[PDB]
Structures are given as structure tokens and as C-alpha cells.
Amino acid sequence: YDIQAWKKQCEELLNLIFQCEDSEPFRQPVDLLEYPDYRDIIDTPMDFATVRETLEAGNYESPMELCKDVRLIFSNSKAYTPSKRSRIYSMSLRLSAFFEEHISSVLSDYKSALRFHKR
Ligand SMILES: CCOc1ccc(CC(=O)O)cc1
Ligand SMILES: CCOc1ccc(CC(=O)O)cc1
């Protein structure tokens, strides 16, 4: 029932994401020189270094907030892709499936710890 355990669990999950090849297009903010119309379609850019830095700065209060920002990386990729068969969008779908598979226990354990605290 460790209320703070989600933080290190999220740091480890971000390490796994950074290690895999599929994360390369999403590790740093999108390069507007590579994609000049990016901010005409995407309102809020997000990338894994910004998520990691926000976590390390102590600027997430819960794993749900981290999960919302990681989900925004994937929804931005889906909104920007000209095709659902594109290379970069295909990488985002694989990364999203891996992320969701692992974040589920982080969220469940955190919410369980809070309930135990408020029992
Ligand atoms: C991380 C930058 O985000 C993306 C860049 C390009 C595409 C679309 C494409 O294949 O050109 C999809 C997402
Ligand atoms: C032990 C870590 O194993 C994996 C890591 C990342 C992915 C996600 C992806 O490659 O897109 C899948 C499996």
C-alpha cells in the first residue's frame, strides 16, 4: 500500500520505452523543420523527455497525470499522421500497447494504496 511507489515504477517504465527503437520519433519534441505544419494540426506537443523531466522535477501528483501526458504523445501521432499505415504512426501504436499493458498495474496499485490510506 505504498502511496509513493508509482514514481519509481513510472521511471522504470520510461526507461523501457526509451530503450526500444519504436520510441525514437517521440523521445524529444517534434522538429518543426522536419514537419512545418505541425502546430496547425497539433495544439499541445508532448514527448517522452518532457514526461520524464516533469516526473523528475516532482511535477506530477499522481500516475494518472503522467498517463494523460503519455496518451497525448500517442493521440498527437494519430492526429498528425496522413495515413493509418504510416511508419511513425505504426511505431506509436506498438508503443501505446506496451505502455497500456504496463501502466495498468501502476494505476491499480496507486488507487488501491490511496483507498487503504482513506479506509
Ligand atoms: C513524432 C512526430 O509525429 C509524427 C510524424 C509524422 C507522422 C506521419 C508520417 O508518417 O509522416 C506521424 C506522427
Ligand atoms: C522488456 C521490454 O519489452 C518491450 C519493450 C517495448 C515494447 C514496445 C515497442 O517496442 O514498441 C515492446 C516490448
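Order of appearance sets the numbers: ligands from 1, and atoms from 1 within every ligand. FYI, side chains are in, hydrogens and waters are out, and symmetry mates aren't considered; it's all heavy atoms of this structure. Sequence positions, counted from 1, serve as the residue numbers for this chain.
- Aromatic ring pairs are classed by plane angle as parallel below 30°, tilted from 30° to 60° and perpendicular above 60°; the pair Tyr1 and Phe116 is parallel.
- Distance from atom 6 (C) of ligand 1 to its nearest protein heavy atom, with residue and atom name: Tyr80 CD2, 3.6 Å.
- Proximity to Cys20 (heavy-atom distance under 4.0 Å) selects the following atoms of ligand 2: 6 (C), 9 (C), 10 (O).
- Heavy atoms from other residues, nucleotides or ligands lying under 6.0 Å from CD of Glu101 number more than 12.
- Of all protein heavy atoms, the one lying nearest to atom 9 (C) of ligand 2 is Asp22 OD2, 3.3 Å.
- Side-chain contact check for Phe98 versus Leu93: every heavy-atom pair is 4.5 Å or farther apart.
- Looking at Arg52 and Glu11, no side-chain N of the basic residue comes within less than 4.0 Å of a carboxylate O on the acidic one, giving no salt bridge.
- Contact check for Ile88 versus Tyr35: side-chain heavy atoms found under the 4.5 Å cut-off.
- Here the heavy atom of the protein found nearest to atom 13 (C) of ligand 2 is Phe98 CD1, 3.7 Å.
- A side chain to side chain donor-acceptor pair (under 3.5 Å) with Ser92 holds for exactly one of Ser75, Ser86, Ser77; it is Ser77.
- The nearest heavy-atom contact from the protein to atom 10 (O) of ligand 1 is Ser86 CB, 3.2 Å.
- Atom numbering of ligand 1 starts at 1 in the shown order; those under 4.0 Å from a heavy atom of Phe26 are 1 (C).
- Nearest protein heavy-atom neighbour of atom 1 (C) of ligand 1: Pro25 O, 3.3 Å.
- The distance from the OH atom of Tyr80 to the OH atom of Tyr89 is 16.0 Å, given to the nearest 0.5 Å.
- A donor-acceptor contact under 3.5 angstrom links the side chains of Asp47 and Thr50, judged on distance only.
- Remark: minimum distance from atom 11 (O) of ligand 1 to any protein heavy atom is reached at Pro82 CD, 4.0 Å.
- Close contacts between ligand 2 and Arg94 involve ligand atoms 11 (O) [criterion: under 4.0 Å to a heavy atom].
- Closest to atom 4 (C) of ligand 1, if we only count protein heavy atoms, is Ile88 CG2, 3.6 Å.
- Under 4.0 angstrom from ligand 1, the non-hydrogen atoms of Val30 all belong to its side chain.
- Using a 4.0 Å cut-off to heavy atoms of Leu95, the atoms of ligand 2 that qualify are 11 (O).
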